[PDB]
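Chains, contacts and geometry: an overview
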Amino acid sequence: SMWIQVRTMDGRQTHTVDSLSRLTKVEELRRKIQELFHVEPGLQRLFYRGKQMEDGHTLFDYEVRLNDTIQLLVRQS
């Protein structure tokens, strides 16, 4: 069980996502992020240490650890 921070690329908005496991899928993270930031998954692009995060992969795949941060960019289209 784990928690991570999601912060916008501009720095202005941040939310903890919790009740995750290291096996959580990126697509599932996108859905959690929608509830908190109100951004449809299709417009979310997620970055971990500058690397774009892809569906089908887990947090463990990206080596994300407890309370690490991932960036959210919101596309216009």
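Above this text sits the structure in question.
The present account deals with the structure reproduced in this document.

What follows covers the environment of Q71. Within the fold, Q71 resides in strand β5 (residues 69-74). Spatially, the C-alpha atoms of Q71 and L46 are 5.6 Å apart, while their sequence positions differ by 25 residues. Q71 has contacts with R7, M9, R45, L46 and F47, leaving out every residue within four places of it along the chain.

For helix α1 (residues 26-37), with 12 residues, the first-to-last C-alpha span of 16 Å sits near the 16 Å given by 1.5 Å per residue. Taken together, the buried positions of α1 are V26, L29, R30, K32, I33 and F37. Down the axis of α1, the buried side of the element spans an arc of 165 degrees, and every buried residue falls inside it. Looking one or two residues past α1, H38 carries a phi angle of roughly 60 degrees, positive in sign.

In this section: the pattern of salt bridges. Scanning all chains against the criterion turns up 2 salt bridges. The shortest N-O distance in the salt bridge between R31 and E28 comes to 3.1 Å. Linking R31 with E28, this pair stays in helix α1, spanning 3 residues, or about one helical turn. On the accessibility criterion, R31 (43% relative accessible area) is partly exposed. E28 gets classed as partly exposed once you look at its relative accessible area, which sits at 28%.

Right, let's get into the side chain of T58. The residue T58 is located in the loop between β4 (51-52) and β5 in this model. A distance of 3.2 Å separates the side chain of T58 from the backbone nitrogen of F60, its partner in a polar contact.

With phi around 55 degrees, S19 is a residue other than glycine that occupies positive phi space. You can see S19 is positioned in strand β2 (residues 14-20). The phi torsion at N67 lies on the positive side, around 70 degrees, for a residue other than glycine. Position of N67 relative to the elements: it lies in the loop between β4 and β5.

Moving on, we get to the pairing of strand β1 (residues 2-8). The alternating pattern of β1 places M2, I4, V6 and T8 on a buried face and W3, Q5 and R7 on a face that is not buried. Inspection of the sheet shows β1 paired to β2 by 5 bridges, in the antiparallel sense. Opposite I4, over in β2, you have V17 as the bridge partner. Between β1 and β2, which pair antiparallel one after the other, the connecting turn spans 5 residues, and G11 there sits at a positive phi close to 85 degrees. Sheet analysis places β1 next to β5, joined by 4 bridges and oriented parallel. Each residue of the ladder has a partner; that of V6, found in β5, is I70.

Quick notes on the rules
Residues numbered from 1 in each chain as written, not as in the entry; some residues may be left out. Heavy atoms only, no water. Helix = DSSP H or I, 4+ residues; strand = E, 2+ residues; numbered from the N terminus. Contact = heavy atoms within 4.5 Å. Expected span 1.5 Å × (residues − 1). Buried < 20%, exposed > 50% of the residue type's maximum accessible area, 1.4 Å probe, protein only. Arc of directions from axis to C-beta. Salt bridge = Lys/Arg side-chain N within 4 Å of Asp/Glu carboxyl O. Polar contact = N/O pair within 3.5 Å; in protein donor to acceptor, adjacent residues only side chain to side chain. Pairing = 2+ DSSP bridges.

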